[PDB]
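[1] okay, structure incoming, though there's no sequence with it:
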RNA sequence: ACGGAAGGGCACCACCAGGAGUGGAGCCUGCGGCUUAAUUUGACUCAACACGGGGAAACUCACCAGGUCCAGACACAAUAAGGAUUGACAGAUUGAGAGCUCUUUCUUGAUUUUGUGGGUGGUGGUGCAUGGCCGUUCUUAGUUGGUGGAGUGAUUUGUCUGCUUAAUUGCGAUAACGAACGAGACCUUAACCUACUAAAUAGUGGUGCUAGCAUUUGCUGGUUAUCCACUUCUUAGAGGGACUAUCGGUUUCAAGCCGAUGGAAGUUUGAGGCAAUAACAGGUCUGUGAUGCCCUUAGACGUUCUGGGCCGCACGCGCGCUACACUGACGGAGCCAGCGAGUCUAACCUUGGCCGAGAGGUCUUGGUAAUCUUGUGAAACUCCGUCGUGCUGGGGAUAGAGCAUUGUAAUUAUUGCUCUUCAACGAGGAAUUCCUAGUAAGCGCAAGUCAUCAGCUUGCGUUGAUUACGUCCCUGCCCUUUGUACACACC
Ligand SMILES: [Mg+2]
Ligand SMILES: [Mg+2]
Ligand SMILES: [Mg+2]
Ligand SMILES: [Mg+2]
Ligand SMILES: [Mg+2]
Ligand SMILES: [Mg+2]
Ligand SMILES: [Mg+2]
Ligand SMILES: [Mg+2]
Ligand SMILES: [Mg+2]
Ligand SMILES: [Mg+2]
Ligand SMILES: [Mg+2]
Ligand SMILES: [Mg+2]
Ligand SMILES: [Mg+2]
Ligand SMILES: [Mg+2]
Ligand SMILES: [Mg+2]
Ligand SMILES: [Mg+2]
Ligand SMILES: [Mg+2]
Ligand SMILES: [Mg+2]
Ligand SMILES: [Mg+2]
Ligand SMILES: [Mg+2]
Ligand SMILES: [Mg+2]
Ligand SMILES: [Mg+2]
Ligand SMILES: [Mg+2]
Ligand SMILES: [Mg+2]
Ligand SMILES: [Mg+2]
Ligand SMILES: [Mg+2]
Ligand SMILES: [Mg+2]
Ligand SMILES: [Mg+2]
Ligand SMILES: [Mg+2]
Ligand SMILES: [Mg+2]
Ligand SMILES: [Mg+2]
Ligand SMILES: [Mg+2]
Ligand SMILES: [Mg+2]
């Protein structure tokens, strides 16, 4: 899957922020909600990061569910030179 | 220095006909206990949502059909309450499964 | 063609077996007896149960019968 | 399986359920990151990170 | 709002199905046994019913944070519009789904078909249920698909008591050479119903009489 | 388990007695066959053939003729910052304003490529590898365990000659006694409430306000609240009600049955729903991101795009629709239902005012709905006429010419209207279907489908019979007995 590094950094950083991402199984969408790239660019970008063991996937009615793993966290943590314990999508907001 | 008149219509819709009916009358005089006049439980005709479909996934065997049913119940109540009980019977008014809807004056 | 089930027949004999002081030869009286003397689950069920006991008790005042 | 070794299977299943409820009854009496993500950029928003110039010739 | 309520009621009915399916799928390793959401124009409240909750929440609630954050974006609920809490299921061995998944993970670990099946049946019985039954269909090392039934106790199959006291759950366990079908049937104790009738209509219990003294020729006292 | 043996049954998917019919003809539709570049495919007694919800213009779509793309994850290696790879203006080319390919030469910068390994998808195969579902035995009545009797034992008795039942439903007989699944119970729906709870989103009476004719005060309406009362109608909550009741007839005067009265109701109250054990190489890999294995995978069986096909037509079969008329067609006019549906990021159901022969157009409004569309003023049907027994005005195939609507696209004519053309068909051989009470049959309506398309289906009400109220003759299936060398069980 070929894509400009800029469109890949958008989704790549979005995962570190929220820790999880969803996407409908519908190519020809031409743009993702909550993201500024084509839905197609996202799905097999994730499934690529999935084949590496960095994220777990599921389908459940044609919507993709991705959860970042305890091992992939470090992978992207060095993609923008994030610091140790910069942020997981694991911080209780106030008292949850 | 509050509690003006309301002109309220509380129309409740749900599928559970014993859980919506217990909270239906749970408020039938949870207002009359506080002596508010009212036009009580109004029962619109129950709604029958039918689904007729062949049982086989394929088109083999005897042409056996199967009708499914879903029944809906929506009850509206016109009240005579104050401007601070607006949110009193709003939270323990519920039972999982009953859609609550409160309305405003006739215009 | 309605032969009563032996569920009701088994019940009718088991009550006439211990309630002849009570259990008058009338259905309505016997019907309101079961709601208080039995733990039946439905009107229709107890209706044939009581309606049967009546026929049995109506015949005992004629002679004896099995059960 | 087969009906010849069933007994050793039935009692092993009996002994099986024994362990499942043993844990069930046993689980009745049993016993950060001072950085941010959405605000790490709002914090690391410092200047001296780019140099723009264009429109030559 | 903005729609008809018959469409609304069927709409959230579909919603419950989509949810329950997604839950049985993502976290099945925790004995998930169904969910339900509460109607409240306060928040939206779905309660997970698994058998190992601490695993559902994760490190200081890290993973439920993940799980909650996911269902949020499917229906794009504004952050805060919904949150879910994990509630362990009381005596899991009465609700079929729990035991159905139990065998799935038992056969998947190499247990003998008869041994694993018989285990859950004796467990479900000593767990309270009035009756139980489990059927295993498909092929197990034999090209021809067989089917064995395992049942204990009492089990009604006709009429309405079925919908009241029997909990069924099927599960396709995908093994090395095929797809095995697992079906579970648990008969809840009717007397212990706690909501609704507490005996099948068949039950007709008569309260027996007592002391019948002799005539004891008339006497009467005053007060 | 089976038999091409014997005895008993049950049933309009069996007859009896009848009804309305198919089969005959025209069209509609499916199946075969044939034809074709393709005419995609499943299925072939009941249990394939208006079935795959299968009413295909693109899609659907699986087929055929052609054109694109990788969405070939991940791993190693190779190429490679002198550039791995990306893209396009015009031009030739092309169905094509596809940089597919080419010419020219700018571009992009490590995201690809190449190789291998490994995957990925497919409506490719295998339903004779499976799940699951479903269809059939089954308009059925079967299964089982406790204590006891028999047997060395597998087993049997229980679980039965007869009688009754829709029912292994009971009576009765009884080495068996007493029970459970399944039948019953149960659940849902249609029928009964002037008794309970009351509702301008349901309706009634009075009264205002209001209009016509008659007068004598009346009769028939208008009135989104003018007020007042009520719950019979309407609605849906809670109860009650039937239990075959009473009496009688019949019978081991047992289960039961039958007649009469009463009764909302006395055919399991009518109709459903559910439904045990087993059985099938039944159908479904063309619903499934359910799946085992096999096939293919970059000139693709992936995928999309353009067009064609599934409709193709010497014929054979099947589910249908319209008729052959006078219990009619037509024209005025009378003019009554019920089950449903229905528009938010929207184009759904549509009243009403005009324009238009029509179809339709157009201008606004109600409605997320017991509130508006709608009393769905539906159709048969009732009434008053024209027609006159002659293919006639019955009939409406085929066909020409025009106007509309759906839609990116209507040619092989999507559908609607208009004029004209006016077939076969004069009651259907041998054969065979469905059915017993608000049923049959006639009648239209909603819903599914659906942009448009019902001659289909699923429900509904509308008008409303005949003849049964019986038998085992036909047919089918059960159950005994019985033979069996079959047990992979007569394939
Ligand atoms: Mg009591
Ligand atoms: Mg039943
Ligand atoms: Mg008979
Ligand atoms: Mg008969
Ligand atoms: Mg005949
Ligand atoms: Mg005939
Ligand atoms: Mg392309
Ligand atoms: Mg490769
Ligand atoms: Mg390879
Ligand atoms: Mg597939
Ligand atoms: Mg085949
Ligand atoms: Mg099969
Ligand atoms: Mg199968
Ligand atoms: Mg019959
Ligand atoms: Mg012995
Ligand atoms: Mg026998
Ligand atoms: Mg009333
Ligand atoms: Mg009478
Ligand atoms: Mg076959
Ligand atoms: Mg399948
Ligand atoms: Mg095409
Ligand atoms: Mg076809
Ligand atoms: Mg047919
Ligand atoms: Mg006429
Ligand atoms: Mg004109
Ligand atoms: Mg509006
Ligand atoms: Mg003529
Ligand atoms: Mg004509
Ligand atoms: Mg005829
Ligand atoms: Mg339609
Ligand atoms: Mg159809
Ligand atoms: Mg023999
Ligand atoms: Mg033979």
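    Alright, I've got the coordinates. Numbers count the residues shown, from 1 in each chain, chains lettered A, B, ... in the order given. Ligands and ions are numbered 1, 2, ... in the order given.

[2] would you list every one of the strands in chain B?
    Along chain B, counting by DSSP state E, strands occupy B:8-14, B:39-43, B:47-54, B:65-79, B:98-99, B:102-103.

[3] one more: chain E?
    E:37-38, E:45-50, E:83-88, E:131-138, E:146-153, E:166-174, E:179-187.

[4] and the third one, which residues are buried?
    By that I understand strand E:83-88. For strand E:83-88, the neighbour count (16 or more other C-beta atoms under 10 Å in any protein chain shown) marks E:83-84, E:86, E:88 as buried. No exception for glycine: its C-beta is placed from N, CA and C like everyone else's.

[5] for that strand, name the packing helices and strands.
    strand E:45-50, helix E:53-57, helix E:62-74 (3 or more C-beta pairs under 8 Å, 6 or more residues apart in numbering or on different chains; DSSP states H and E).

[6] number of residues surrounding residue B:74?
    Neighbour count for residue B:74, taken as other C-beta atoms under 10 Å in any protein chain shown: 20.

[7] which residue comes closest to residue B:99 once chain neighbours are left out?
    Among residues not flanking residue B:99 along the chain, residue B:13 sits closest, at 4.8 Å (C-beta to C-beta, 6 or more residues apart in numbering or on different chains).

[8] does stretch C:30-38 reach RNA strand F?
    Yes - against RNA strand F, stretch C:30-38 shows contacts by C-beta under 7 Å from any atom of the strand at residue C:31.

[9] for the spatially most central residue of chain E, grab phi and psi.
    Ranked by distance to the mean C-alpha position of chain E (C-alpha atoms, centre = their mean), the top residue is residue E:95 at 2.9 Å. Backbone torsions for residue E:95, taken as degrees, to the nearest 10, come to phi -80, psi 120.

[10] that one and residue E:166 touch, don't they?
    No - between residue E:95 and residue E:166 there is no contact under C-beta atoms under 8 Å: 11.4 Å.

[11] any chance you could list residues touching both of those two?
    Shared contacts of residue E:95 and residue E:166 (C-beta atoms under 8 Å, 6 or more residues apart in numbering or on different chains): residue E:186.

[12] name the single longest helix found in chain D.
    helix D:6-26 (DSSP state H).

[13] quick revisit: list the contacts for the closest residue in space to the residue nearest to the centre of chain E that isn't next to it in sequence?
    In this structure, residue E:95 finds its nearest non-sequential neighbour in residue E:33, 4.9 Å apart by C-beta to C-beta, 6+ apart. Contacts for residue E:33 (C-beta under 8 Å, 6+ apart) come out as E:49-51, E:89, E:92, E:95, E:97-98.

[14] which one of the buried residues of strand E:83-88 is nearest to ligand 2?
    residue E:88 (37.1 Å; C-beta to the ion).

[15] which non-adjacent residue is nearest the closest one?
    Nearest to residue E:88 is residue E:53, by C-beta to C-beta, 6+ apart, at 5.0 Å.

[16] how many other residues sit next to the residue nearest to residue E:127 when sequence neighbours are not counted?
    Closest residue to residue E:127 apart from its sequence neighbours, by C-beta to C-beta, 6+ apart: residue E:93 at 3.3 Å. The number of residues packed near residue E:93 is 24, by other C-beta under 10 Å.

[17] ditto for residue D:28
    6.

[18] tell me the secondary structure of it, please.
    With DSSP: H, G, I helix; E, B strand; the rest coil as the basis, the three-state label of residue D:28 is coil.

[19] hang on, the earlier thing: and the residue nearest to the centre of chain E, how far is that from chain A?
    22 Å (C-beta to the nearest C-beta, to the nearest Å).

[20] can you check residue E:93 too?
    Taking C-beta to the nearest C-beta, one finds residue E:93 at 27 Å from chain A.

[21] in this structure that residue contacts residue E:119, no?
    No - counting by C-beta under 8 Å, residue E:119 is not a contact partner of residue E:93; they are 11.1 Å apart.

[22] which residues does residue C:29 contact?
    Applying C-beta under 8 Å, 6+ apart, no residues contact residue C:29.

[23] switch the cut-off to 10 Å
    C:22-23, C:50, C:54 (C-beta atoms under 10 Å, 6 or more residues apart in numbering or on different chains).

[24] residue E:134 now?
    By C-beta under 10 Å, 6+ apart, the residues touching residue E:134 are E:96, E:99-100, E:102-103, E:116-118, E:120-121, E:124, E:148-152, E:169, E:182-186.

[25] before we move on, what about residue E:27?
    E:48, E:50, E:52, E:55-56, E:63-64, E:67, E:86.

[26] mind checking how far stretch A:45-53 is from the chain centre?
    Here stretch A:45-53 is found 9 Å from its chain centre; the criterion is C-alpha atoms, centre = their mean, to the nearest Å.

[27] for stretch C:60-67, same thing?
    14 Å.

[28] do the same with stretch E:56-65
    On C-alpha atoms, centre = their mean, the centre of stretch E:56-65 falls 24 Å from that of its chain.

[29] which residues are in contact with each of residue E:93 and residue E:119?
    With C-beta under 10 Å, 6+ apart, residue E:93 and residue E:119 have common neighbours D:17, D:20, E:99, E:102.

[30] now, which of those sits nearest ligand 2?
    Distances from ligand 2 to the shared contacts of residue E:93 and residue E:119, taken by C-beta to the ion, are shortest for residue E:99, at 27.3 Å.

[31] sorry, back to before: select from the shared contacts of residue E:93 and residue E:119 the one having the most neighbours.
    residue E:99 (31 neighbours).

[32] could you find the closest non-adjacent residue to the residue in chain A positioned nearest to ligand 2?
    Closest approach of chain A to ligand 2 (C-beta to the ion) occurs at residue A:61, with a separation of 36.5 Å. Using C-beta to C-beta, 6+ apart and skipping residues adjacent in sequence, the residue nearest residue A:61 is residue E:18, 5.8 Å away.

[33] what about that neighbour, distance to residue B:70?
    With distances taken as C-beta to C-beta, to the nearest Å, residue E:18 is found 17 Å from residue B:70.

[34] that older thread, I'd like the helices and strands packed on strand E:83-88 laid out as TSV, including mean neighbour count and distance to RNA strand F.
    TSV is the format used below for those (neighbours: other C-beta atoms under 10 Å in any protein chain shown; distance: least, C-beta to the nearest atom of the strand, whole Å):
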stretch	mean neighbour count	distance to RNA strand F
strand E:45-50	20	21
helix E:53-57	16	22
helix E:62-74	20	15
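
[35] quick check: the residue of chain B nearest chain D.
    Closest contact between chain B and chain D, by C-beta to the nearest C-beta, is at residue B:96 (27.5 Å).

[36] ok, that residue - contacts?
    Neighbours of residue B:96 in contact, by C-beta under 10 Å, 6+ apart: B:14, B:16, B:19, E:36-40, E:45-47.

[37] name the nearest of those residues relative to ligand 2.
    For those, the nearest to ligand 2 is residue B:16 (25.4 Å; C-beta to the ion).

[38] is the closest one in contact with residue B:95, as I believe?
    Yes - in this structure residue B:16 lies within contact range of residue B:95 using C-beta atoms under 10 Å: 7.6 Å.

[39] who touches both of those two?
    Joint contacts of residue B:16 and residue B:95 (C-beta under 10 Å, 6+ apart) are B:22-23, E:39.

[40] narrow those residues to those that are buried.
    B:23, E:39.

[41] return the member of the shared contacts of residue B:16 and residue B:95 nearest to residue B:40.
    residue B:23 (13.8 Å; C-beta to C-beta).

[42] count of residues packed around the residue lying closest to that closest one once chain neighbours are set aside?
    Distances taken as C-beta to C-beta, 6+ apart put residue B:95 closest to residue B:23, at 5.5 Å, once the chain neighbours are dropped. Residue B:95 has 17 neighbours, counted by other C-beta under 10 Å.

[43] re the thing from before, got the buried residues for the longest helix of chain D?
    Buried residues in helix D:6-26 (16+ other C-beta under 10 Å): D:9, D:12-13, D:16-17, D:20.

[44] tabulate the shared contacts of residue B:16 and residue B:95 in JSON lines, adding columns for distance to residue E:23.
    Putting the shared contacts of residue B:16 and residue B:95 into JSON lines (distance: C-beta to C-beta, whole Å) gives the following:
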{"residue": "B:22", "distance to residue E:23": "28"}
{"residue": "B:23", "distance to residue E:23": "27"}
{"residue": "E:39", "distance to residue E:23": "19"}
